[PDB]
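Participant: One file is attached below, input23.cif, containing mmCIF, C-alpha atoms and all ligand atoms; chains and numbers go by the auth columns.
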data_structure
#
loop_
_atom_site.group_PDB
_atom_site.id
_atom_site.type_symbol
_atom_site.label_atom_id
_atom_site.label_comp_id
_atom_site.label_asym_id
_atom_site.label_seq_id
_atom_site.Cartn_x
_atom_site.Cartn_y
_atom_site.Cartn_z
_atom_site.B_iso_or_equiv
_atom_site.auth_seq_id
_atom_site.auth_asym_id
ATOM 1 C CA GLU A 1 0.000 0.000 0.000 0.00 32 A
ATOM 2 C CA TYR A 2 3.062 2.256 0.150 0.00 33 A
ATOM 3 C CA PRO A 3 3.273 4.618 -2.846 0.00 34 A
ATOM 4 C CA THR A 4 5.782 3.424 -5.431 0.00 35 A
ATOM 5 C CA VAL A 5 7.779 5.467 -7.917 0.00 36 A
ATOM 6 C CA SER A 6 5.541 4.447 -10.845 0.00 37 A
ATOM 7 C CA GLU A 7 2.431 5.751 -9.036 0.00 38 A
ATOM 8 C CA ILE A 8 3.738 9.310 -8.559 0.00 39 A
ATOM 9 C CA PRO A 9 4.321 11.658 -11.511 0.00 40 A
ATOM 10 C CA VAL A 10 7.272 13.997 -11.116 0.00 41 A
ATOM 11 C CA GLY A 11 5.881 17.208 -9.662 0.00 42 A
ATOM 12 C CA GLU A 12 3.386 15.388 -7.417 0.00 43 A
ATOM 13 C CA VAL A 13 3.759 14.321 -3.787 0.00 44 A
ATOM 14 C CA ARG A 14 2.017 11.581 -1.834 0.00 45 A
ATOM 15 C CA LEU A 15 1.628 11.408 1.933 0.00 46 A
ATOM 16 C CA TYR A 16 1.525 8.055 3.703 0.00 47 A
ATOM 17 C CA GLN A 17 0.391 7.661 7.306 0.00 48 A
ATOM 18 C CA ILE A 18 2.894 5.433 9.113 0.00 49 A
ATOM 19 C CA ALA A 19 1.484 5.843 12.613 0.00 50 A
ATOM 20 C CA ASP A 20 -0.590 8.300 14.601 0.00 51 A
ATOM 21 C CA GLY A 21 0.877 11.734 13.946 0.00 52 A
ATOM 22 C CA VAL A 22 3.639 10.418 11.644 0.00 53 A
ATOM 23 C CA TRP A 23 3.560 10.486 7.851 0.00 54 A
ATOM 24 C CA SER A 24 6.119 9.971 5.198 0.00 55 A
ATOM 25 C CA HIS A 25 6.095 12.176 2.139 0.00 56 A
ATOM 26 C CA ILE A 26 7.019 10.638 -1.201 0.00 57 A
ATOM 27 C CA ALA A 27 8.118 12.523 -4.298 0.00 58 A
ATOM 28 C CA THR A 28 9.973 11.618 -7.453 0.00 59 A
ATOM 29 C CA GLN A 29 12.608 12.974 -9.784 0.00 60 A
ATOM 30 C CA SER A 30 14.064 11.816 -13.065 0.00 61 A
ATOM 31 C CA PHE A 31 17.814 11.210 -13.162 0.00 62 A
ATOM 32 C CA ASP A 32 19.633 10.001 -16.286 0.00 63 A
ATOM 33 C CA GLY A 33 16.359 8.717 -17.728 0.00 64 A
ATOM 34 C CA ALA A 34 15.312 6.669 -14.694 0.00 65 A
ATOM 35 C CA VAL A 35 12.779 7.837 -12.146 0.00 66 A
ATOM 36 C CA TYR A 36 13.565 7.623 -8.430 0.00 67 A
ATOM 37 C CA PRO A 37 11.332 8.104 -5.399 0.00 68 A
ATOM 38 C CA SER A 38 12.453 9.945 -2.301 0.00 69 A
ATOM 39 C CA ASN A 39 11.007 9.890 1.221 0.00 70 A
ATOM 40 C CA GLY A 40 10.790 12.445 3.979 0.00 71 A
ATOM 41 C CA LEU A 41 8.809 12.579 7.193 0.00 72 A
ATOM 42 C CA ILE A 42 6.080 14.693 8.739 0.00 73 A
ATOM 43 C CA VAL A 43 5.613 14.527 12.501 0.00 74 A
ATOM 44 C CA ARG A 44 2.746 16.079 14.425 0.00 75 A
ATOM 45 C CA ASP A 45 4.136 18.628 16.929 0.00 76 A
ATOM 46 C CA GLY A 46 1.143 19.606 19.039 0.00 77 A
ATOM 47 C CA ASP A 47 -1.033 21.650 16.676 0.00 78 A
ATOM 48 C CA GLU A 48 1.883 22.217 14.289 0.00 79 A
ATOM 49 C CA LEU A 49 3.903 19.963 12.014 0.00 80 A
ATOM 50 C CA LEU A 50 7.604 19.241 11.932 0.00 81 A
ATOM 51 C CA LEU A 51 8.858 18.397 8.450 0.00 82 A
ATOM 52 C CA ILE A 52 11.841 16.150 7.872 0.00 83 A
ATOM 53 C CA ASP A 53 13.447 16.914 4.509 0.00 84 A
ATOM 54 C CA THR A 54 12.178 18.678 1.441 0.00 85 A
ATOM 55 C CA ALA A 55 10.450 16.813 -1.361 0.00 86 A
ATOM 56 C CA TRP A 56 13.516 16.963 -3.610 0.00 87 A
ATOM 57 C CA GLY A 57 13.245 20.248 -5.451 0.00 88 A
ATOM 58 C CA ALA A 58 11.349 23.528 -5.406 0.00 89 A
ATOM 59 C CA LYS A 59 8.382 22.343 -7.484 0.00 90 A
ATOM 60 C CA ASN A 60 7.944 19.119 -5.514 0.00 91 A
ATOM 61 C CA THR A 61 8.275 21.005 -2.229 0.00 92 A
ATOM 62 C CA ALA A 62 5.583 23.500 -3.202 0.00 93 A
ATOM 63 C CA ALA A 63 3.417 20.476 -4.021 0.00 94 A
ATOM 64 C CA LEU A 64 4.332 18.974 -0.663 0.00 95 A
ATOM 65 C CA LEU A 65 3.134 22.076 1.199 0.00 96 A
ATOM 66 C CA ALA A 66 -0.098 22.138 -0.789 0.00 97 A
ATOM 67 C CA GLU A 67 -0.697 18.449 -0.117 0.00 98 A
ATOM 68 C CA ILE A 68 0.001 18.876 3.611 0.00 99 A
ATOM 69 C CA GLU A 69 -2.425 21.799 3.764 0.00 100 A
ATOM 70 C CA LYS A 70 -5.051 19.794 1.883 0.00 101 A
ATOM 71 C CA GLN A 71 -4.700 16.498 3.737 0.00 102 A
ATOM 72 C CA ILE A 72 -3.519 17.419 7.260 0.00 103 A
ATOM 73 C CA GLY A 73 -4.433 21.085 7.616 0.00 104 A
ATOM 74 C CA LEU A 74 -1.850 21.967 10.266 0.00 105 A
ATOM 75 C CA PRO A 75 0.941 24.507 9.718 0.00 106 A
ATOM 76 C CA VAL A 76 4.450 23.341 8.985 0.00 107 A
ATOM 77 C CA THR A 77 6.418 25.458 11.427 0.00 108 A
ATOM 78 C CA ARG A 78 9.844 23.806 11.363 0.00 109 A
ATOM 79 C CA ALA A 79 11.779 21.616 8.972 0.00 110 A
ATOM 80 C CA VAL A 80 14.977 19.660 9.467 0.00 111 A
ATOM 81 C CA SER A 81 17.178 18.588 6.578 0.00 112 A
ATOM 82 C CA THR A 82 18.964 15.329 7.311 0.00 113 A
ATOM 83 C CA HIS A 83 21.903 15.912 4.970 0.00 114 A
ATOM 84 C CA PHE A 84 23.094 18.398 2.406 0.00 115 A
ATOM 85 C CA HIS A 85 21.971 16.767 -0.856 0.00 116 A
ATOM 86 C CA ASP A 86 19.169 18.128 -3.006 0.00 117 A
ATOM 87 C CA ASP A 87 16.609 15.538 -1.882 0.00 118 A
ATOM 88 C CA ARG A 88 16.956 17.041 1.593 0.00 119 A
ATOM 89 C CA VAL A 89 17.603 20.774 1.098 0.00 120 A
ATOM 90 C CA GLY A 90 16.302 21.317 -2.439 0.00 121 A
ATOM 91 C CA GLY A 91 13.157 23.270 -1.700 0.00 122 A
ATOM 92 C CA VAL A 92 14.429 24.993 1.444 0.00 123 A
ATOM 93 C CA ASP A 93 13.771 28.349 -0.192 0.00 124 A
ATOM 94 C CA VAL A 94 10.153 27.331 -0.888 0.00 125 A
ATOM 95 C CA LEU A 95 9.766 26.317 2.759 0.00 126 A
ATOM 96 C CA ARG A 96 11.401 29.536 3.913 0.00 127 A
ATOM 97 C CA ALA A 97 9.082 31.613 1.728 0.00 128 A
ATOM 98 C CA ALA A 98 6.093 29.809 3.272 0.00 129 A
ATOM 99 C CA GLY A 99 7.148 30.795 6.801 0.00 130 A
ATOM 100 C CA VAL A 100 8.769 27.482 7.733 0.00 131 A
ATOM 101 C CA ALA A 101 11.781 27.772 10.010 0.00 132 A
ATOM 102 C CA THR A 102 14.395 25.594 8.308 0.00 133 A
ATOM 103 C CA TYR A 103 17.059 23.794 10.334 0.00 134 A
ATOM 104 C CA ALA A 104 20.145 21.725 9.719 0.00 135 A
ATOM 105 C CA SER A 105 23.306 20.900 11.570 0.00 136 A
ATOM 106 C CA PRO A 106 26.333 23.139 11.044 0.00 137 A
ATOM 107 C CA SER A 107 27.936 20.266 9.217 0.00 138 A
ATOM 108 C CA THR A 108 25.017 20.047 6.770 0.00 139 A
ATOM 109 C CA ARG A 109 24.955 23.812 6.366 0.00 140 A
ATOM 110 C CA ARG A 110 28.656 23.997 5.569 0.00 141 A
ATOM 111 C CA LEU A 111 28.453 21.114 3.085 0.00 142 A
ATOM 112 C CA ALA A 112 25.390 22.607 1.426 0.00 143 A
ATOM 113 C CA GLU A 113 27.256 25.890 1.074 0.00 144 A
ATOM 114 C CA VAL A 114 30.280 24.141 -0.464 0.00 145 A
ATOM 115 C CA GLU A 115 28.004 22.331 -2.925 0.00 146 A
ATOM 116 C CA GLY A 116 26.134 25.494 -3.863 0.00 147 A
ATOM 117 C CA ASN A 117 22.877 24.015 -2.540 0.00 148 A
ATOM 118 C CA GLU A 118 20.141 25.713 -0.559 0.00 149 A
ATOM 119 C CA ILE A 119 21.064 26.330 3.060 0.00 150 A
ATOM 120 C CA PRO A 120 18.604 25.987 5.965 0.00 151 A
ATOM 121 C CA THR A 121 18.396 29.103 8.086 0.00 152 A
ATOM 122 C CA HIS A 122 18.856 27.695 11.582 0.00 153 A
ATOM 123 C CA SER A 123 21.696 25.598 12.993 0.00 154 A
ATOM 124 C CA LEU A 124 21.154 22.474 15.101 0.00 155 A
ATOM 125 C CA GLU A 125 23.767 22.355 17.839 0.00 156 A
ATOM 126 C CA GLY A 126 24.908 19.279 19.715 0.00 157 A
ATOM 127 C CA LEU A 127 25.232 16.886 16.764 0.00 158 A
ATOM 128 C CA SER A 128 28.868 17.197 15.668 0.00 159 A
ATOM 129 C CA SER A 129 30.235 14.006 17.279 0.00 160 A
ATOM 130 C CA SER A 130 29.218 10.484 16.274 0.00 161 A
ATOM 131 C CA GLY A 131 26.635 9.182 18.711 0.00 162 A
ATOM 132 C CA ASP A 132 25.326 12.651 19.573 0.00 163 A
ATOM 133 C CA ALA A 133 21.573 12.994 19.964 0.00 164 A
ATOM 134 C CA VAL A 134 19.382 16.004 20.615 0.00 165 A
ATOM 135 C CA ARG A 135 15.694 16.407 21.134 0.00 166 A
ATOM 136 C CA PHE A 136 13.762 18.455 18.569 0.00 167 A
ATOM 137 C CA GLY A 137 10.172 18.572 19.709 0.00 168 A
ATOM 138 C CA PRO A 138 8.490 15.246 18.974 0.00 169 A
ATOM 139 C CA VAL A 139 11.635 13.662 17.508 0.00 170 A
ATOM 140 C CA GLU A 140 15.160 12.829 18.531 0.00 171 A
ATOM 141 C CA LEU A 141 17.860 13.778 16.040 0.00 172 A
ATOM 142 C CA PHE A 142 20.822 11.407 16.032 0.00 173 A
ATOM 143 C CA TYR A 143 24.147 11.784 14.295 0.00 174 A
ATOM 144 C CA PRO A 144 25.323 8.162 13.892 0.00 175 A
ATOM 145 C CA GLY A 145 28.609 9.120 12.269 0.00 176 A
ATOM 146 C CA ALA A 146 29.564 9.435 8.652 0.00 177 A
ATOM 147 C CA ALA A 147 27.846 7.050 6.295 0.00 178 A
ATOM 148 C CA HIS A 148 26.027 8.047 3.121 0.00 179 A
ATOM 149 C CA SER A 149 27.406 11.525 3.872 0.00 180 A
ATOM 150 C CA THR A 150 29.532 12.969 6.638 0.00 181 A
ATOM 151 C CA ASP A 151 26.580 14.996 7.970 0.00 182 A
ATOM 152 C CA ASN A 152 23.781 12.456 7.707 0.00 183 A
ATOM 153 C CA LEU A 153 21.244 12.524 10.539 0.00 184 A
ATOM 154 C CA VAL A 154 18.615 10.000 11.441 0.00 185 A
ATOM 155 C CA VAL A 155 15.357 10.944 13.084 0.00 186 A
ATOM 156 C CA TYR A 156 13.481 8.924 15.684 0.00 187 A
ATOM 157 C CA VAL A 157 9.869 9.505 16.675 0.00 188 A
ATOM 158 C CA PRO A 158 9.687 8.011 20.191 0.00 189 A
ATOM 159 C CA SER A 159 5.880 8.149 20.433 0.00 190 A
ATOM 160 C CA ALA A 160 5.478 6.055 17.285 0.00 191 A
ATOM 161 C CA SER A 161 8.675 3.937 17.215 0.00 192 A
ATOM 162 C CA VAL A 162 9.424 5.316 13.731 0.00 193 A
ATOM 163 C CA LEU A 163 13.037 5.649 12.631 0.00 194 A
ATOM 164 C CA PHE A 164 13.684 7.760 9.557 0.00 195 A
ATOM 165 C CA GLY A 165 17.060 6.549 8.377 0.00 196 A
ATOM 166 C CA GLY A 166 17.324 8.873 5.436 0.00 197 A
ATOM 167 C CA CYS A 167 19.857 8.087 2.782 0.00 198 A
ATOM 168 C CA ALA A 168 22.179 6.268 5.187 0.00 199 A
ATOM 169 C CA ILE A 169 19.676 3.365 5.078 0.00 200 A
ATOM 170 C CA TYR A 170 18.794 1.543 1.866 0.00 201 A
ATOM 171 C CA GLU A 171 15.495 -0.086 1.030 0.00 202 A
ATOM 172 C CA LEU A 172 15.554 -3.854 0.629 0.00 203 A
ATOM 173 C CA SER A 173 15.116 -3.672 -3.141 0.00 204 A
ATOM 174 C CA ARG A 174 18.396 -1.755 -3.456 0.00 205 A
ATOM 175 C CA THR A 175 21.095 -4.427 -3.654 0.00 206 A
ATOM 176 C CA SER A 176 23.905 -2.262 -5.052 0.00 207 A
ATOM 177 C CA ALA A 177 25.322 0.972 -3.724 0.00 208 A
ATOM 178 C CA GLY A 178 23.539 4.183 -4.606 0.00 209 A
ATOM 179 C CA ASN A 179 25.158 7.611 -4.636 0.00 210 A
ATOM 180 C CA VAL A 180 28.373 7.197 -2.690 0.00 211 A
ATOM 181 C CA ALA A 181 30.200 10.264 -3.997 0.00 212 A
ATOM 182 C CA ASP A 182 30.032 11.905 -0.561 0.00 213 A
ATOM 183 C CA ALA A 183 30.029 8.726 1.525 0.00 214 A
ATOM 184 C CA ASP A 184 32.434 7.408 4.141 0.00 215 A
ATOM 185 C CA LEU A 185 32.467 3.754 3.179 0.00 216 A
ATOM 186 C CA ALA A 186 34.996 2.923 5.874 0.00 217 A
ATOM 187 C CA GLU A 187 32.757 4.318 8.627 0.00 218 A
ATOM 188 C CA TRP A 188 29.311 3.475 7.242 0.00 219 A
ATOM 189 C CA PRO A 189 28.973 0.025 8.902 0.00 220 A
ATOM 190 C CA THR A 190 30.105 1.450 12.247 0.00 221 A
ATOM 191 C CA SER A 191 27.598 4.271 11.910 0.00 222 A
ATOM 192 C CA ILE A 192 24.797 1.829 11.125 0.00 223 A
ATOM 193 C CA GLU A 193 25.675 -0.189 14.212 0.00 224 A
ATOM 194 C CA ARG A 194 25.370 3.001 16.269 0.00 225 A
ATOM 195 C CA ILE A 195 21.817 3.358 14.954 0.00 226 A
ATOM 196 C CA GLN A 196 21.027 -0.243 15.894 0.00 227 A
ATOM 197 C CA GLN A 197 22.480 0.271 19.362 0.00 228 A
ATOM 198 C CA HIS A 198 20.597 3.518 19.921 0.00 229 A
ATOM 199 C CA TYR A 199 17.185 2.479 18.530 0.00 230 A
ATOM 200 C CA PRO A 200 16.875 -1.313 18.923 0.00 231 A
ATOM 201 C CA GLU A 201 13.155 -0.867 19.688 0.00 232 A
ATOM 202 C CA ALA A 202 12.356 0.822 16.353 0.00 233 A
ATOM 203 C CA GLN A 203 9.317 -0.754 14.692 0.00 234 A
ATOM 204 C CA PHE A 204 9.236 1.168 11.394 0.00 235 A
ATOM 205 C CA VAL A 205 12.391 2.114 9.509 0.00 236 A
ATOM 206 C CA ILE A 206 12.039 4.518 6.592 0.00 237 A
ATOM 207 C CA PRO A 207 14.876 4.700 4.041 0.00 238 A
ATOM 208 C CA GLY A 208 15.661 7.868 2.173 0.00 239 A
ATOM 209 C CA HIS A 209 14.460 6.168 -1.031 0.00 240 A
ATOM 210 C CA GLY A 210 11.965 3.369 -1.378 0.00 241 A
ATOM 211 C CA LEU A 211 9.847 1.148 0.726 0.00 242 A
ATOM 212 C CA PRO A 212 9.778 1.209 4.535 0.00 243 A
ATOM 213 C CA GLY A 213 10.726 -1.862 6.504 0.00 244 A
ATOM 214 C CA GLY A 214 12.022 -2.720 9.931 0.00 245 A
ATOM 215 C CA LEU A 215 15.433 -2.762 11.539 0.00 246 A
ATOM 216 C CA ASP A 216 16.429 -5.439 9.004 0.00 247 A
ATOM 217 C CA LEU A 217 17.086 -2.533 6.632 0.00 248 A
ATOM 218 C CA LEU A 218 20.189 -1.724 8.697 0.00 249 A
ATOM 219 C CA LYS A 219 22.084 -4.972 8.213 0.00 250 A
ATOM 220 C CA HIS A 220 20.848 -5.055 4.629 0.00 251 A
ATOM 221 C CA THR A 221 22.457 -1.656 4.045 0.00 252 A
ATOM 222 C CA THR A 222 25.663 -2.825 5.719 0.00 253 A
ATOM 223 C CA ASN A 223 25.774 -5.825 3.390 0.00 254 A
ATOM 224 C CA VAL A 224 25.329 -3.655 0.301 0.00 255 A
ATOM 225 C CA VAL A 225 27.895 -1.114 1.500 0.00 256 A
ATOM 226 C CA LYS A 226 30.478 -3.810 2.236 0.00 257 A
ATOM 227 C CA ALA A 227 29.930 -5.423 -1.158 0.00 258 A
ATOM 228 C CA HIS A 228 30.579 -2.057 -2.790 0.00 259 A
ATOM 229 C CA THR A 229 33.582 -1.450 -0.529 0.00 260 A
ATOM 230 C CA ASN A 230 35.111 -4.705 -1.761 0.00 261 A
ATOM 231 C CA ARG A 231 34.442 -4.108 -5.461 0.00 262 A
ATOM 232 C CA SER A 232 37.290 -5.544 -7.509 0.00 263 A
ATOM 233 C CA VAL A 233 38.970 -3.404 -10.169 0.00 264 A
ATOM 234 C CA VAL A 234 40.478 -5.693 -12.796 0.00 265 A
HETATM 235 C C1 LIG B . 19.840 13.255 -5.214 0.00 301 B
HETATM 236 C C2 LIG B . 19.993 12.012 -4.351 0.00 301 B
HETATM 237 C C3 LIG B . 20.728 12.384 -3.074 0.00 301 B
HETATM 238 S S1 LIG B . 20.869 10.953 -1.963 0.00 301 B
HETATM 239 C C4 LIG B . 20.800 10.976 -5.067 0.00 301 B
HETATM 240 O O1 LIG B . 21.978 11.170 -5.226 0.00 301 B
HETATM 241 N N1 LIG B . 20.223 9.855 -5.502 0.00 301 B
HETATM 242 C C5 LIG B . 18.845 9.398 -5.392 0.00 301 B
HETATM 243 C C6 LIG B . 19.014 7.893 -5.335 0.00 301 B
HETATM 244 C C7 LIG B . 20.233 7.606 -6.180 0.00 301 B
HETATM 245 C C8 LIG B . 21.036 8.892 -6.226 0.00 301 B
HETATM 246 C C9 LIG B . 21.161 9.443 -7.602 0.00 301 B
HETATM 247 O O2 LIG B . 22.019 10.300 -7.885 0.00 301 B
HETATM 248 O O3 LIG B . 20.324 9.053 -8.386 0.00 301 B
HETATM 249 MG MG MG B . 19.879 -7.320 1.579 0.00 302 B
HETATM 250 ZN ZN ZN B . 22.222 11.977 -0.313 0.00 303 B
HETATM 251 ZN ZN ZN B . 18.882 10.589 -1.013 0.00 304 B
#
I'd like the structure from this file rewritten - as structure tokens, please.
Facilitator:
Amino acid sequence: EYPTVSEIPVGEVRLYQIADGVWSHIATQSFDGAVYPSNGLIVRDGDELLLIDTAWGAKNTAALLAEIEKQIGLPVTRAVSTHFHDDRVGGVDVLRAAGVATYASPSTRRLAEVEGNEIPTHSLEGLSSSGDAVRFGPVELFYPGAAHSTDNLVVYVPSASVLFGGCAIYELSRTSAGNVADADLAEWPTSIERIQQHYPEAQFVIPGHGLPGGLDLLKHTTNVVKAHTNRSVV
């Protein structure tokens, strides 16, 4: 029942209720002739909403805000970007123009600036060291260490046992490495194990792209990352 990439035209966004007060948002983009889905999160924060990640681009993110207003009807007051790539910060300006306070760690903000990407306004302190966690309203933000990117955060919703792994966690259907241009392959397995150790009670695990699963997505990602690490150049 989870929206798949073939059921969402580029430019459109779907919302999927994972648990009470927790949705994922699903959008798509074309890259090199293939179409990819991308997930973020929406978490109820009292009578407001906390958004995790843009919908991968300005047009998708405007659609995301319109869909949230249509389907949930609560204001998005804050957004957190979980790393510096365009599926996480692309659309920050749209959020900012709609009165959303945008947040990212200093490490994400510096990497976004280096890349020429959009830069969230606010800085999330207390996340610079692997294993650091901070509360952000109804979620905990956790920096597991470098993995898919040096700045990647994961987001845990304690009330719902939902772990948003972002692009550090692969869906099961991905059996070869995705974008690793900014990754720390050497540290990625260790960072995943930090997630396991910190959230062993997680019941829903949402990857940055593709179908949700459980904590099995973690060891699956480790297996894929190690296979890529050991690729043989002949
Ligand atoms: C824009 C995103 C950031 S994680 C990306 O690089 N993706 C999306 C999944 C694969 C890979 C790609 O370049 O296609
Ligand atoms: Mg696997
Ligand atoms: Zn990424
Ligand atoms: Zn991604």
Participant: Compare A:81, A:188, A:123, A:110 by their minimum atom-to-atom distance to residue 155 in chain A, counting all atoms listed in the file, and give me the closest one.
Facilitator: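 Closest to residue 155 in chain A of all the choices is A:110.
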Participant: Pick the closest to ligand ZN 303 (chain B) from A:239, A:122, A:244, A:151: which is it, counting all atoms listed in the file?
Facilitator: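 Going through A:239, A:122, A:244, A:151 one by one, the smallest distance to ligand ZN 303 (chain B) is for A:239.
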Participant: For the PyMOL selection byres (((chain A and resi 45) around 7) and not hetatm), applied here, can you spell out every residue it catches as a PyMOL selection string?
Facilitator: chain A and resi 43-44+46-47+56-58
Participant: May I ask you to write as a PyMOL selection string all residues lying at most 12 Å from ligand ZN 303 (chain B), with only C-alpha atoms and all ligand atoms counted?
Facilitator: chain A and resi 69-70+84+87+112-121+139+142-143+177-184+196-201+208-214+238-240
Participant: Calculate how many Å separate CA of residue 128 in chain A from CA of residue 111 in chain A, rounding to one decimal.
Facilitator: 15.4 Å
Participant: With distances taken over only C-alpha atoms, which residue among A:242, A:75, A:161, A:232 lies nearest residue 104 in chain A?
Facilitator: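 Ranked by minimum distance to residue 104 in chain A, first place goes to A:75.
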Participant: Step by step, work through what the PyMOL selection byres (((chain A and resi 258-264) around 12) and not hetatm) selects in the shown file, and finish by giving those residues as a PDB file with C-alpha atoms, in the frame of the given file.
Facilitator:
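The new file out.pdb reads:
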ATOM      1  CA  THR A 206      21.095  -4.427  -3.654  1.00  0.00           C
ATOM      2  CA  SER A 207      23.905  -2.262  -5.052  1.00  0.00           C
ATOM      3  CA  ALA A 208      25.322   0.972  -3.724  1.00  0.00           C
ATOM      4  CA  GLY A 209      23.539   4.183  -4.606  1.00  0.00           C
ATOM      5  CA  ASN A 210      25.158   7.611  -4.636  1.00  0.00           C
ATOM      6  CA  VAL A 211      28.373   7.197  -2.690  1.00  0.00           C
ATOM      7  CA  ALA A 214      30.029   8.726   1.525  1.00  0.00           C
ATOM      8  CA  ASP A 215      32.434   7.408   4.141  1.00  0.00           C
ATOM      9  CA  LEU A 216      32.467   3.754   3.179  1.00  0.00           C
ATOM     10  CA  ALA A 217      34.996   2.923   5.874  1.00  0.00           C
ATOM     11  CA  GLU A 218      32.757   4.318   8.627  1.00  0.00           C
ATOM     12  CA  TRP A 219      29.311   3.475   7.242  1.00  0.00           C
ATOM     13  CA  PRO A 220      28.973   0.025   8.902  1.00  0.00           C
ATOM     14  CA  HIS A 251      20.848  -5.055   4.629  1.00  0.00           C
ATOM     15  CA  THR A 252      22.457  -1.656   4.045  1.00  0.00           C
ATOM     16  CA  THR A 253      25.663  -2.825   5.719  1.00  0.00           C
ATOM     17  CA  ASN A 254      25.774  -5.825   3.390  1.00  0.00           C
ATOM     18  CA  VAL A 255      25.329  -3.655   0.301  1.00  0.00           C
ATOM     19  CA  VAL A 256      27.895  -1.114   1.500  1.00  0.00           C
ATOM     20  CA  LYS A 257      30.478  -3.810   2.236  1.00  0.00           C
ATOM     21  CA  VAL A 265      40.478  -5.693 -12.796  1.00  0.00           C
TER      22      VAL A 265
END
Participant: Is it possible to get the axis-aligned box enclosing ligand LIG 301 (chain B) (all listed atoms, 5 Å extra per side) as JSON, with centre and edge lengths in Å rounded to one decimal?
Facilitator:
{"center_x": 20.4, "center_y": 10.4, "center_z": -5.2, "size_x": 13.2, "size_y": 15.6, "size_z": 16.4}
Participant: Can you tell me which residues surround residue 172 in chain A at a distance of at most 8 Å, considering all atoms listed in the file, apart from same-chain residues fewer than 5 positions away, and format the answer as a list in words?
Facilitator: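 After dropping sequence-adjacent residues, the list is residues 164, 165, 166, 167, 184, 185, 186 and 187 of chain A.
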Participant: Restrict the selected residues to C-alpha atoms and save them as an mmCIF file, in the frame of the given file.
Facilitator:
data_model
loop_
_atom_site.group_PDB
_atom_site.id
_atom_site.type_symbol
_atom_site.label_atom_id
_atom_site.label_comp_id
_atom_site.auth_asym_id
_atom_site.auth_seq_id
_atom_site.Cartn_x
_atom_site.Cartn_y
_atom_site.Cartn_z
ATOM 1 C CA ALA A 164 21.573 12.994 19.964
ATOM 2 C CA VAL A 165 19.382 16.004 20.615
ATOM 3 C CA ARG A 166 15.694 16.407 21.134
ATOM 4 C CA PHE A 167 13.762 18.455 18.569
ATOM 5 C CA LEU A 184 21.244 12.524 10.539
ATOM 6 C CA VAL A 185 18.615 10.000 11.441
ATOM 7 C CA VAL A 186 15.357 10.944 13.084
ATOM 8 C CA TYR A 187 13.481 8.924 15.684
#
Participant: Taking (1.2, 6.5, 6.0) in the file's own coordinates, collect the residues within 12 Å, counting all atoms listed in the file, and hand them back as JSON, numbers by chain.
Facilitator: {"A": [32, 33, 34, 45, 46, 47, 48, 49, 50, 51, 52, 53, 54, 55, 56, 57, 70, 71, 72, 73, 74, 102, 103, 193, 235, 237, 242, 243]}
Participant: For residue 96 in chain A, please output as a CSV table (one decimal) with C-alpha atoms, in the coordinates of the input all residues within 10 Å (counting all atoms listed in the file; exclusion window: fewer than 3 positions along the same chain).
Facilitator:
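part.csv, freshly written:
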chain,number,residue,atom,x,y,z
A,44,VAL,CA,3.8,14.3,-3.8
A,82,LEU,CA,8.9,18.4,8.4
A,85,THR,CA,12.2,18.7,1.4
A,86,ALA,CA,10.4,16.8,-1.4
A,91,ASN,CA,7.9,19.1,-5.5
A,92,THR,CA,8.3,21.0,-2.2
A,93,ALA,CA,5.6,23.5,-3.2
A,99,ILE,CA,0.0,18.9,3.6
A,100,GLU,CA,-2.4,21.8,3.8
A,101,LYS,CA,-5.1,19.8,1.9
A,102,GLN,CA,-4.7,16.5,3.7
A,104,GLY,CA,-4.4,21.1,7.6
A,106,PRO,CA,0.9,24.5,9.7
A,107,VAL,CA,4.4,23.3,9.0
A,125,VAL,CA,10.2,27.3,-0.9
A,126,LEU,CA,9.8,26.3,2.8
A,129,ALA,CA,6.1,29.8,3.3
Participant: Report the residues retrieved by the PyMOL selection byres (((chain A and resi 156) around 9) and not hetatm) from the displayed file, expressed as a list in words.
Facilitator: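 For this structure, the PyMOL selection byres (((chain A and resi 156) around 9) and not hetatm) resolves to residues 135, 136, 137, 154, 155, 157, 158, 159 and 165 of chain A.
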Participant: Kindly output range 97-102 of chain A as a CSV table (one decimal), in the frame of the given file, after building N, CA, C and O atoms.
Facilitator:
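Once written, result-v8.csv looks like this:
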chain,number,residue,atom,x,y,z
A,97,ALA,N,1.3,22.1,-0.4
A,97,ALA,CA,-0.1,22.1,-0.8
A,97,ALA,C,-0.8,20.9,-0.4
A,97,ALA,O,-1.9,20.9,0.1
A,98,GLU,N,-0.1,19.7,-0.5
A,98,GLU,CA,-0.7,18.4,-0.1
A,98,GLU,C,-0.9,18.4,1.4
A,98,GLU,O,-1.9,17.9,1.9
A,99,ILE,N,0.1,18.8,2.2
A,99,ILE,CA,0.0,18.9,3.6
A,99,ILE,C,-1.2,19.7,4.0
A,99,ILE,O,-2.0,19.4,4.9
A,100,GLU,N,-1.3,20.9,3.4
A,100,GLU,CA,-2.4,21.8,3.8
A,100,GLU,C,-3.8,21.1,3.4
A,100,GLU,O,-4.7,21.2,4.2
A,101,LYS,N,-3.8,20.4,2.3
A,101,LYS,CA,-5.1,19.8,1.9
A,101,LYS,C,-5.4,18.6,2.8
A,101,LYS,O,-6.6,18.5,3.2
A,102,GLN,N,-4.4,17.8,3.1
A,102,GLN,CA,-4.7,16.5,3.7
A,102,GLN,C,-4.6,16.5,5.3
A,102,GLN,O,-5.3,15.7,5.9
